[PDB]
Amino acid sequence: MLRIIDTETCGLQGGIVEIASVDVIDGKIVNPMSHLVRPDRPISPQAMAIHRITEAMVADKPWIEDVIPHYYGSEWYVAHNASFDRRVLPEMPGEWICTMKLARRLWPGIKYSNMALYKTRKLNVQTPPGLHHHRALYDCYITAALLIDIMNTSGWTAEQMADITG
């Protein structure tokens, strides 16, 4: 069972405005979670321009320390540029897989943003209502679609995908 994970932050240095996940089991996306989170610092304008989460939206929410355990219990954590998410988030009890590194191995000499791989691979997922790109959950559905494409293209197992990641 693979658990795509994504996080919106106050900026590049860290802070979480949101976290979301979906699970990939048997080539199907299931079990979506998402949480707006009260960050440990101000939300930089550059980052708000991007995810458009405001201070008022996260002011009555829980600290990351108190939300993160809702995401425990997967063997495998997948993320696009997983190094980012593994740095800004607290310690996750599981192994990491990076869809960015796997997309490069598979398809050399292209662009490797979450969203560029989506279009280049001509992917389609159902994405939840009320949630635009660069929200934790939306982007989860994107990164999960991408994983499924990577698994259907290579036959790589979770364990192999982690080996390539590390």
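Residue numbers run from 1 along the displayed sequence.
Taking only CA atoms, the mean B-factor in the PDB entry is higher for 131-139 than for the other of 96-104 and 131-139.
In this entry, the higher average B-factor at the C-alpha atoms falls on 58-66, of the pair 58-66 and 34-42. Of the candidates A158, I25, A145, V22, the deposited coordinates give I25 the top C-alpha B factor. Remark: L123 belongs to the highest third of its chain, ranked by C-alpha B-factor as recorded. Per the deposited record, the Cα B-factor of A116 falls in the highest third when ranked against the other modelled residues of its chain. Among the modelled residues of its chain, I50 has a C-alpha B-factor that falls in the middle third, as given in the PDB entry. Sorting the modelled residues of the chain by their CA temperature factor places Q13 in the highest third.
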